[PDB]
Structure formats: structure tokens, C-alpha cells
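Single-structure report; data block below.
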Amino acid sequence: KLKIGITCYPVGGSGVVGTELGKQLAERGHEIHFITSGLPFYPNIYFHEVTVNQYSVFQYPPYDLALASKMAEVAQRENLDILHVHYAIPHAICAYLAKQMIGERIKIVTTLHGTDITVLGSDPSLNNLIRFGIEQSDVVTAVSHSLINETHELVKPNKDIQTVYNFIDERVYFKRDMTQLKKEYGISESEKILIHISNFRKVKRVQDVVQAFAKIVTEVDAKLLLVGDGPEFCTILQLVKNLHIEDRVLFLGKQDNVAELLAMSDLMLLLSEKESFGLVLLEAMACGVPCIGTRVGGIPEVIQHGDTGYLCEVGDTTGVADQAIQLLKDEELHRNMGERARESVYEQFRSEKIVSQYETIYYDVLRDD
Amino acid sequence: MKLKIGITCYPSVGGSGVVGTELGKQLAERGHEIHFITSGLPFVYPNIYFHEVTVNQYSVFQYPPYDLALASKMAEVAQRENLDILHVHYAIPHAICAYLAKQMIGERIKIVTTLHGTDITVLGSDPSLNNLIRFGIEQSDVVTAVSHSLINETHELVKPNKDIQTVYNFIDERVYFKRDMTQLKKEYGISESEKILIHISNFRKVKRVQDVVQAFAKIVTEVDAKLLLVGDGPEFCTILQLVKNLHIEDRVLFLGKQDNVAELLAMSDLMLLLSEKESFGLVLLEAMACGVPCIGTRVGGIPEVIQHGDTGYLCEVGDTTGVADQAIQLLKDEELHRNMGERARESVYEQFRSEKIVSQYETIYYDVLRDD
Ligand SMILES: O=c1ccn([C@@H]2O[C@H](COP(=O)(O)OP(=O)(O)O)[C@@H](O)[C@H]2O)c(=O)[nH]1
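Same order as they appear, the protein sequences are chains B and A.
Using the entry's author numbering, the letters of the first sequence map in sequence onto residues 2 to 11, 13 to 43, 49 to 376.
Using the entry's author numbering, the letters of the second sequence map in sequence onto residues 1 to 43, 48 to 376.
Structure representation (C-alpha cells):
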């Protein structure tokens, strides 16, 4: 009964997630309208270009005003009930305009993915905008509690936001037969490998990940995978170059296929100082990989110290070292944890369970009048 | 009863740019508090201050969120300072940003949109942005346009529910005056004694620069002229070619981008503007301000500035011959020219006088802070 309009990015952290939601809302019956800037991914979905080719005195390609317009068009001709948007900064203020232009004939559901706050909401040049985007939405949701917390103190909106966690594509992440092409990486020695797929910035504290591999490899014949190329590349490329080994810590480069070399992995590391939700942590667990993450932001909402993984202080290389060498020694516990970690995913991060929350929201917002 | 105003405009290179910046200065010079909230620093005084909208600190952003940044700063600046008026100039990124910023600050502020040509005549026809412009306009307290011509078009394309007022552009009178350029006239090898035709203006295809040189080929057969082309862009190359095929390479000077338009005008005899669509274009008013008589095509709001009778000459678009004849006619009769030029300078200090037009925006500002 519900005509729904999803809007997300063709960030890979904001889109794909809002996509799978639309992908699977069409399967429950709903009419789904993808209003978006890119062409990236069904009998119940239609796309909308959102052309940006309008530039003369084009210093600034008017993408926002063009976006807020396509929303107004698609919602006035196809007559939408809801306008769901992801990532607050670009497409929430955009959504407010369309509603305003089409005469309050629509309800809005904003969904705060982490990055739109912990990175942007730090400079006040734009802070009062996020606030107004949020406050003005009909319903607001966040993919974490640590994210709901940051918002209420960084931005301090007069609105109140509920939690809906991010599901992963449980159809792309699973235990894989990853020993055959695994050998082509020179890595079939019964090595016991460790992976790290961060973003690449200095906030992700990779200087530790390498620093810890050094301290742990002295007691385990282990190999490292540094997935993700960015600003810190040069610095880390040295940290191994001079610190003892590059024979066992090859930077795999930024790969589009992380999932495959995840199943291959035996334990991932994430020692960032600041993260709202870890999408790759699920992506790790979802295919049976135990992991060590730092007690930081929204990490203890994905990791339960215990059977799923471990939580260690932000910045403790010698301390992180332990929990790795300890686990790589034992065989049973390592396999035990690798399965319960896989399980906790499909227990509280179920693709159908999360979509279920969204749908109940969609209906509950439309309901009073 | 003085006033705190918030003026916004583009860096430079268009009508909107200089027209805001000047009205900022003029108003400051009258005791009003003039906060500039812009993309950067437009072309140091004692009375306004500037609020650059830093577009920096952004990652994994599809594009530099200027629009949203402008709105954020606009609304922030209107509070810290408590502006009584937000005066937005070229409409397209600004009138939405302003409206947006008004809504952010409890609607304490009053908003004024000032439609200059381009945002209506081309963006208005764009189905992606049309709907928005309409909303941008309607949602503003007072909307003014640079000519009556621009108002009609705004009603034909954008079709807003708002009445829009008329307030022409203006010009710092102190900047343009007959001057003599004996030194610069030599560096360009224009030492043959007289007859410099000027066309300072845009490069876009709508500017009909084609016709500007075509007519100049038909002109140059007879008076020993030199065309001074100023500004570069899309058609720039295309035009650079056309002159070649005409053998007039050694008479046409492609000055391209220029900052001191005052100097170049002060050595010019006859300005041409042959736009197929134009909405005013000061370049006419800037010329007339120093004596230089203009020949423009009869479109848009050109008839509002050039009085066909005495201050210049209007001829239908594409009539390259038509311009040329009127051009040679005028340049030949040395008595008629000096009288025409002197009358053009009159019309400017009378109809488009700076103290006047400024006083109009000022008296607009006041009449929208009463009854609220
Ligand atoms: O090379 C140039 C091009 C333009 N301008 C200035 O830009 C303004 C308007 O030019 P444009 O055609 O770009 O805008 P429009 O006249 O259409 O409003 C004039 O006042 C000029 O003083 C200039 O100084 N040098």
C-alpha cells in the first residue's frame, strides 16, 4: 500500500545499504522510487537520473538544488507517501525543500550514517545545517547508540532519534573455500594470517596496526594484509620498510573485492580512535572472521568481549599484541569464536530483521491523520 | 534609524558581481552596517567586514557543498550580528540558500532577491531548476529585477506568484571618464589616429560575437578602425577563427580577460553589443559613463538603456549590415558623434545615477521592515 522513495549515494558506506533496503522492499510489495545522482544497481523499482549537466558560471555544479528538484518532481507526479534519505548533510536539506515545494504532502525519514557527523558536524560552518536537517525530518533514525549520543551533544537537535543498526549483504559475505587462489599470494604457508581493511586516513590509526603486527609476529608465523590505499600510505609503507618486515606485510592495494580475501583471513584488526559503526566488522564476522577492535565509538555495539571478539584500549599495541598471539595459539577457542561471531551477525543484524524495523517506522509515521 | 544589511554576490566576472559590491560600498558610505557573505573576497575600506564561506574540510563528498555552506554561514552571520536584511543578488544558488537560512534563524530576518539577467533567461528554461527558481522567488519578501524586460520573461518562464519590482543597475561614476591613453594606444599599435570599436563582454554563444566581427568586416572596409574584443570563453576560439577567414587579423585585438575596463573604454569611440538575448549589461552603461556611444541590438532590456534617438542606436539582431551602416555613418560625422556621446553621458547621470538607484534599494529596505 506504500509508495516509497529511497535516496542514497551510488560513499560506499551510505549507499549499498539504502540500496539493499530498496532491493528488498520491492520484494515485500512496495513501490520503490530510487531518486539518486548515479546509475549503480526488478519489476517494482524505477530509477531517476538527477542530471547535473546544468552549469554556466558553473563554478559549483548545482547538484543539491538539482537533487531537491528531482525529489519534488518524482513525489508530485508519482505521489509518494514517504521520502527516505540517508546521510544527513547533502540529501536531508534537499528533502526539506521538496516537501516545502510540494506542499507538505509527504513524510520524511532521515537516517544518520556515522560520517555525516563525526567528520562534518565538527566544523560549525555547517553544524547548524545538520541540526536543521534533522529537526525538520518527520522521523529520524541512526545506525548506532554511540551515534545517537554524538549527535545529541555535537549537534544537539530538538529532535529525538531511534536506533536501527546496519545490516550487511549476508548473500555476499560467507565462509569461502579460499585456499586455492590464496596460494597465489605466496601465502599458503600455514601462516595464520591477519587482515586490516580500514579507510586509509590517519584517524583510523594504522600506525598501531603495523606496530602491533611486529610485536605479535615474534611469537606467531603470521602474515599481514593491509587493504585500503590513502593519505597514510607513504608513512605506513615506511613503518614496515624500516621496521623489520615487508616480506610479510604486503599492501594489497585498494581492492574492490575485500570479501574474498576476508574469508581467506583468520582475524582482522581495527584500532581506530573514532568510528560510529563498523560496516567492515560485520563484513568480517558475517563470513566467520574473529576480530580485535578498540573500545571506541560504536564498536561495543558490534563486538561483545567474549565469544564474538575482543575490545582493547585505544592505542595499546603491546596489549592488542597479547589477544592476537593468545588466539592464534589455541585452535578450538579460535574456531569457537569464529562461529559465534558469525552467529551474532545473523541474530541482531539480520537483513530481514532490520528492513522489518524500517517498514514499521514507514507505516507508523504515515498513520495519525 | 540606520541599518544592518547582508549582501551576497559572486566573486567577479558578471553583472551580479560588481552591482552587489558597489551597493555594499555605497550603503556603507551612508552609515549602514554592510556584512558581505560570499564565496570569497570580491574586488579595504572602513565599514563592512567580510565573511568568506570556506568550502574546505570535506571528504567523500560528491561535490564542494557551497550552496549548503553559504546557507549555513548566511544564517550564522545573521544572528551573531543581527542583520535586518539579507540581500541576495544572482538568484540561482542564492535565493534558495537565503530562504533556507531565513528558516534556520526563526525568520527574524527580511529577504530581498535581485534577479539579474542570466538566472532567468537560461536557468528558467531548465526543467531541473525552474520549479526551484519559482519557489526561490515567491518565498522572498521583496524581489527586484534589473530591467522591466527581465520581469516579463520571469513571468513567461518561471511563472511565479510574486510581484517583482524594477531597479536598474548602476555605476561608480568616479571610475569612468574621458582620459587619454596615448601610451597604451601605442603598445597596441593603434597609432593611426582614430576609430577604436570596442566590444567588452561575455563569451557565450548568446552574445552573438559572430555578428560583432561580421559587422566589423563590413565596417572596416571604410573607416580605418580597430576592433577591441575583451573576454574569453566557449566561443572564444570559434571567433578567433572567424576573423582569420576575413583577412582582418591585423585589425582585431583579442585582449581576452581584462580588469581595467576603464582604461580600454577611455580610448574607444564606438561600442557594440549585438546580443540575441541580453537583459541590460552594464558594459553599455560603463561606456556611456565616459562618453562612448553604443550600438546595441533591439532585444531584452537594451532599449531601456540605449535611446535609439540620441544616446545610441538600436538595430534588429543578426542585421550585421544594419549595425555597420549606422556605425560608419556615426563615426564619419564627427559632429554628430561628439553630441551623441555627450548625451549618452547625460542619460547615465540622470536615469541610472548611482545616488538615485542606491537610494531606491535603501528605500526598499526601509519599506519592508515596517509592518512586521
Ligand atoms: O573581460 C571582462 C568581462 C566582463 N567584465 C565586467 O563584467 C560585467 C558584465 O559582463 P557580463 O557579460 O559577463 O555579464 P552581464 O553583462 O551579462 O550581466 C561588466 O560590468 C564588466 O565591467 C570585465 O570587467 N572584464
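Using N, Cα and C, we set each Cβ at its ideal position, and we do this for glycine too.
- Secondary structure of A:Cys294 (DSSP, three-state): coil.
- Contiguous beta strand (DSSP E) elements confined to the region 315-367 of chain B occur at 316-319, taking only those with 3 or more residues.
- Look at A:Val287: its beta carbon is less than 7 Å from one of the heavy atoms in ligand 1.
- The bridge partners DSSP lists for A:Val146 are A:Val116.
- Rounded to the nearest whole angstrom, the C-alpha separation of B:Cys298 and B:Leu259 is 19 Å.
- In the structure shown, B:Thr38 adopts coil according to DSSP, grouped into three states.
- The closest heavy atom of ligand 1 lies 7 Å or more from the beta carbon of B:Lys261.
- The Cβ atoms of A:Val59 and A:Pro42 lie no closer than 8 Å to each other.
- Straight across, the Cα-Cα distance linking B:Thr186 with B:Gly121 is about 35 Å.
- Going by C-alpha positions, A:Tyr94 is about 12 Å away from A:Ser12.
- Look at A:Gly304: its beta carbon is at least 7 Å from all of the heavy atoms in ligand 1.
- For A:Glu56, the uninterrupted beta strand (DSSP E) segment begins and ends at 54-56.
- Using a Cβ-Cβ cut-off of 8 Å, B:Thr58 counts as an interface residue toward chain A, since at least one Cβ of chain A sits closer than that to its own.
- Chain order gives no chain B residues near A:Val287, where near means a beta carbon separation below 8 Å; the closest approach is about 16 Å.
- The three-state reading of DSSP puts B:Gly300 in strand, counting E and B together.
- Out of B:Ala82, B:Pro238, B:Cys294, the CA that lies nearest to the CA of B:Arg208 is found in B:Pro238.
- Look at B:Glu177 here: in three-state DSSP terms it is coil, with no helix or strand label.
- Under the three-state reduction of DSSP, B:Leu201 is assigned to strand.
- When the Cα atoms are used, B:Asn343 and B:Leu289 turn out to be separated by approximately 17 Å.
- Cβ atoms of B:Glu282 and B:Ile306 come within 8 Å of each other, at about 6 Å.
- By the criterion of a C-beta distance shorter than 6 Å, A:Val147 is surrounded in its chain by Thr117, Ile141, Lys166, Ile168, once the five residues flanking it on both sides are discounted.
- With respect to the 8 Å criterion, B:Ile243 and B:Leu233 are classified as neighbours on the basis of their beta carbons.
- By alpha-carbon distance to B:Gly295, the top candidate from B:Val81, B:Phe181, B:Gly313, B:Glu80 is B:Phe181.
- The straight-line gap separating the alpha-carbon atoms of A:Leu104 and B:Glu339 is approximately 60 Å.
- Of the other Cβ atoms in all chains shown, fewer than 16 fall within 10 Å of the Cβ of B:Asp236; this residue is therefore exposed.
- The region 2-22 of chain A and the region 78-92 of chain A touch, with no fewer than 3 CB-CB distances between them shorter than 8 Å.
- In the DSSP annotation of this structure, the continuous segment of the alpha helix (DSSP H) that includes A:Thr225 starts and ends at 213-227.
- Ligand 1 has no heavy atom closer than 7 Å to the beta-carbon of A:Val116.
- Cα atoms of B:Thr38 and A:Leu335: separation of roughly 58 Å, rounded to the nearest angstrom.
- From the beta-carbon of A:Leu104, the residues of chain B found nearer than 9 Å are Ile100, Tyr103, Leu104, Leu136, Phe139.
- Our two residues, B:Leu274 and B:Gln330, have alpha carbons roughly 11 Å apart in a direct line.
- Shown here, B:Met185 sits in coil according to DSSP, grouped into three states, outside any helix or strand.
- Counted as a single uninterrupted DSSP element, the alpha helix (DSSP H) harbouring B:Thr122 occupies residues 122-125.
- At a cut-off of 8 Å, the C-beta of A:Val234 has no neighbouring C-beta in chain B.
- Contact between the region 212-222 of chain A and the region 173-180 of chain A is absent: fewer than 3 CB-CB pairs across the two stretches fall below 8 Å.
- The beta-bridge partner set that DSSP reports for A:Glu33 consists of A:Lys4.
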